[PDB]
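**Student:** quick one, fold the following:
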Amino acid sequence: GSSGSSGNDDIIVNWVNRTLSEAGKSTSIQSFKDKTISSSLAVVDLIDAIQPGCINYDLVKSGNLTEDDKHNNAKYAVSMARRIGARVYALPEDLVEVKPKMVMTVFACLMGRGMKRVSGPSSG
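**Tutor:** Numbering: from 1, shown residues only. Sharing the structure here:
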C-alpha cells in the first residue's frame, strides 16, 4: 500500500474499467502502455457507456486488426471522443503506437464528462 496520491495515473485506468462495466463491455485495459489500446477496441466501448446510441460497432472492427485495421479502429474512436466534446485533440496515430504521452489524457478527458461527482457516508 502506497500513501499519498501522486501521479494520478492508475486512477484513470481504474475508472476506464468501471465505466466499461457500467454498461457491460467485454473490453478493458490495464495501462496507457498496454498493447491493447492499439486495437482501439477498449476506447470505443468506453465512449458508448457515456454517450450510447452514437457508437456503431457495425463499422468498428474486431479480432485480428492488421496495421491498416488498427489505425481504422482508432480513427473512429477519435472522431467520436471529439464528437461528444471531450476537450481532446489527440491524433489517431498515438493510439496505434499506444504512446503514454497522449494515450494518458485520451482516457482522462473522457472521465471528465462521465463522473460528475461522488459522495459517500461520512461515518459508518
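**Student:** pull the residues that contact the longest helix seen in the chain.
**Tutor:** The helix spanning the most residues in the chain, taking DSSP state H as the definition, is helix 67-83. For helix 67-83, contacts defined as C-beta atoms under 8 Å, 6 or more residues apart in numbering pick out 38-41, 43-44, 47, 54-55, 59-61, 65, 88-93, 95-96, 106, 109-110. For every residue, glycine as well, the C-beta is placed using N, CA and C.
**Student:** quick one: buried ones out of those residues?
**Tutor:** By neighbour count, with 16 or more other C-beta atoms under 10 Å, the contacts of helix 67-83 hold 38-41, 43-44, 47, 55, 60-61, 65, 88, 90, 92, 95-96, 106, 109-110 as buried.
**Student:** that older thread, what about the contacts of helix 67-83, which are in helices?
**Tutor:** Filtering the contacts of helix 67-83 for membership in helices, criterion DSSP H, returns 41, 43, 44, 47, 92, 93, 95, 96, 106, 109, 110.
**Student:** if I pick the residue sitting nearest the centre point of the chain, what's in contact with it?
**Tutor:** By C-alpha atoms, centre = their mean, the chain has its centre lying nearest to residue 43, at 3.9 Å. With contact set as C-beta under 8 Å, 6+ apart, residue 43 has these partners: 37, 74, 77, 81, 95, 106, 107.
**Student:** closest one of those to residue 16?
**Tutor:** For those, the residue nearest residue 16 by C-beta to C-beta is residue 107; the value is 5.6 Å.
**Student:** how many neighbours does the closest residue in space to that closest one that isn't next to it in sequence have?
**Tutor:** Once flanking residues are discounted, residue 107 sits nearest to residue 12: 5.0 Å by C-beta to C-beta, 6 or more residues apart in numbering. By the other C-beta atoms under 10 Å criterion, the neighbourhood of residue 12 contains 19 residues.
**Student:** one more: the one 5 residues further on?
**Tutor:** The burial count assigned to residue 17 is 16, neighbours taken as other C-beta under 10 Å.
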